[PDB]
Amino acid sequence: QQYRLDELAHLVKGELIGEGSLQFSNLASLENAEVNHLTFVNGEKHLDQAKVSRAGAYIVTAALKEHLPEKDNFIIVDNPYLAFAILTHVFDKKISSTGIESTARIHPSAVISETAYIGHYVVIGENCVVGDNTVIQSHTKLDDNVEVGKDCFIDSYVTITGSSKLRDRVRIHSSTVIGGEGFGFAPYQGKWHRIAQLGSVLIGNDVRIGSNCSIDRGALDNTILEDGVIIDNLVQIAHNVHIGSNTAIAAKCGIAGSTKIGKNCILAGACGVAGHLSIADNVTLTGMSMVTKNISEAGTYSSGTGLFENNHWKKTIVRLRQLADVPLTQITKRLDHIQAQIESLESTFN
């Protein structure tokens, strides 16, 4: 199946140039796009690859189009990237399948929409709810009192337990565990007394969660992910974590128990955040940041040493292992003082 240029321009409220009747199989990169492909050009950094590209038509900005005169077909928009983002869904493989496969094992007390798809070997517990147009891909399981709203996607090998409540348009990818028993252990006798985790999880609308994630239920109360939170693969959300709306959590972040992260935060890959902390709205964290105390104000925060060639690096960590011995500041202040008694004596004897 194919889509006409003008039909796509319309979807992104973008100005068409050339022939709109042109049909495309797909969107494609500037390098591998044939004439049956639409492509995008995100600022002048892509110009050269664009110029020599064999794509049929080009999503561009007005300024960029002028610099692309050997080409005939365009969609002109303010944000070429966002326009691209919109159009991908046109060409995304959609699931229209409906109903329940007979390999499935659902409790009779469950409410399952007529417009929902329940895949093969799916197991659904007591008083569960699955809303309109939601997909539950094969093998997945919903424990008792798990609710899932409408237009969700739940991929295979997903464990939803601890009575979790999922709102609408929630997308949960494979091998992810939602609302499993969190890491609650009380120290005694040099042994560890397990704590049975008795709260749940509340995931808001428009949340995406990657694969191989663990979003633990609350010890008491709730693990909450507000609306529009996005979470990449291999992330740990510990018990009673609360993530504010529209926050983005990159792959391999870990957030320890009882921790609050504000709205509109951006955490880069492999960040770690200790337990029982508060992180303000509009906080950004670059790669491999470890956070041990509250961040009380908006901004960008970092930790780490960056990359060094091996020899340089070794020289530097020795210099660090020496650093606590070397009185830095004191040395500088003793200089100032020596500078002072020089300054004076040079003018006093003059």
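Numbering starts at 1 and follows the sequence shown.
Exercise for the section: Tell me which of 316-324 and 298-306 has the higher mean C-alpha B-factor in the deposited entry. Expected result: On average, C-alpha B-factors are higher across 316-324.
Exercise for the section: Select between 288-296 and 46-54 the stretch whose C-alpha atoms have the higher average B-factor in the entry. Expected result: Stretch with the greater average CA B-factor: 46-54.
Practice task
Would you check the entry's CA temperature factor for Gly99 and let me know if it's in the chain's lowest, middle or highest third?
Solution key: Highest third of the chain for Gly99's C-alpha B-factor.
Problem - For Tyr188, the third of its chain into which the C-alpha B factor falls - result: It falls in the top third of the chain.
Practice task
Going by the recorded CA B-factors, say which third of the chain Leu27 sits in, lowest, middle or highest.
Solution key: It falls in the middle third of the chain.
Exercise for the section: Taking the chain's C-alpha temperature factors as the reference, tell me which third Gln137 falls into: lowest, middle or highest. Expected result: Middle third by C-alpha B-factor.
Exercise for the section: Consider only the C-alpha atoms of the modelled residues in this chain, order them by B-factor as the entry records it, and name the third containing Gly182: lowest, middle or highest. Expected result: For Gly182, the deposited C-alpha B-factor lands in the lowest third.
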